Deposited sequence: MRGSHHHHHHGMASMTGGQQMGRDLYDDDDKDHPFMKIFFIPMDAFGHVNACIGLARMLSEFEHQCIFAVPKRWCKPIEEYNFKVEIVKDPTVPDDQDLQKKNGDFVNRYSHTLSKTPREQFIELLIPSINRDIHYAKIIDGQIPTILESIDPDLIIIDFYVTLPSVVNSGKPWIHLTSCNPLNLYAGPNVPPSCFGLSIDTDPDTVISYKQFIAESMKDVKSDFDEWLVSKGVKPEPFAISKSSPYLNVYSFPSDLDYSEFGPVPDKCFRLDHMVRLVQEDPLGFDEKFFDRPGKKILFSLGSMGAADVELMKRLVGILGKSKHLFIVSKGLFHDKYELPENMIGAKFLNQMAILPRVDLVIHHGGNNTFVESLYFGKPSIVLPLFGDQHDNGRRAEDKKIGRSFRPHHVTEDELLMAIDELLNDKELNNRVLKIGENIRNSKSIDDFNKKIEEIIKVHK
């Protein structure tokens, strides 16, 4: 009252992989003194408030106000556990379509609430991390940025480029690319038809193939320069690469006594993400193999942690302080989740990738193609392949030096500075 900031409105899908990439970008933008506000359901309000971001609650009467954060996706993964071992084409129909039906339900539920919040907050910029189009954002008249927190293969979508979600070779011939595009379009025809009718009901022009509209302003993604798909040309039109969106801040308990770190031996973080460990039978299988390893494991045990025991070379908990753990381990065993994958590299750690579904398969392929890890299907991987791959990566000086240099390049990237200049040029013209 007696004395170039902006108000930034973040709309993430209600899951860790979207929320944690938005918190990571918000932390980076708050260093420039921007005010970041989050539109999230009630169960996510106090957890996001612990990072000193303002929260605008959106109603979702299909999920209780006080539900555990891991129950929604955990229950879903348990309900579809039989699909996790199937080929990527069986998964697309039996799992990814059921999964995107829940994204579409949530989009419809929140979309009608966003216009009132936009009128009240009057943000300068909207940032959305969603897998489907939001009409309230398209129609807001405000500049908006689409945030890609998953592997970025989908952004390269174009003639002769393999579609995402199948772990396809970057060498895939145009005949195979079309075969997969036709499989996707036939598989999605009913879901897309219903979703396009909803877009039309709100005055938005559907996409021919996609059900996620690109921002006409800017599209920001999280992927290391050293890993990016330069095989398919430069950074795509109206896209912007950040090497990472690692929050760094994590105010959650460690999950276990820190005295485990005093135990002598190589340390391995074994996390299948925020929902992968909900396949109890897979976790009991992988824990039985790793119990034969001479190394020490910290395990992200997930929603059903009370249904299974870890052997004595291991410690774990339902949910861990992964920001606290990563710098203190030697190797990560993960599912190829794009946050976990990039967090592992930020800290300069090699990885064993066990993809469950979707974009994980593309990070499985990428770990092998860029020689920064080893990839296997978790349900079929043999005892010998998994234990020998752990020793191989721990003792491979050339691959460890490779991932250390990638870690340094990620941590020392100044791309957020160029991002900040772009969003300022966009806000100046559009209000």
Unmodelled spans of the deposited chain sequence come out as 1-24, 28-33
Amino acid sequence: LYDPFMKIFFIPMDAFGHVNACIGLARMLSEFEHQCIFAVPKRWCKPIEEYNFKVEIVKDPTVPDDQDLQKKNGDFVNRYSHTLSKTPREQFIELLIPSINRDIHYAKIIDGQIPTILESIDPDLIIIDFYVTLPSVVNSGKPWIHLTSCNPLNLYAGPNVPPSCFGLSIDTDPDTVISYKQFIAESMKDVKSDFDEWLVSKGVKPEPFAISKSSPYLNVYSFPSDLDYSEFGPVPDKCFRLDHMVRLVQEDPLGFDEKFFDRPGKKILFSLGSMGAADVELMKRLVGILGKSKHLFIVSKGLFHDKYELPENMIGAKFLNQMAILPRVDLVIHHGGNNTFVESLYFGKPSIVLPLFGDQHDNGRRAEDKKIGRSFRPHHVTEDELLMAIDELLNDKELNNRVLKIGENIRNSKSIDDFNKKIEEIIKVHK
From here on, numbers count along this sequence of modelled residues.
Looking only at C-alpha temperature factors in the entry, 129-137 or 255-263, the higher average sits in 255-263
With B-factors read from the PDB entry, the higher C-alpha mean of 307-315 and 352-360 is in 307-315
Max C-alpha B-factor within the set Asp237, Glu343, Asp330, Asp228 falls on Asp237
So, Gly74's CA B-factor, relative to its chain, sits in which third? The middle
Among the modelled residues of its chain, the C-alpha B-factor of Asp122 falls in the third labelled highest
In terms of its chain's C-alpha B-factors, the third that includes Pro224 is the lowest
Of the three thirds of Cα B-factor ranks in this chain, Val63 occupies the highest
Temperature factor at the Cα of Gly203, chain-ranked in thirds, falls in the middle
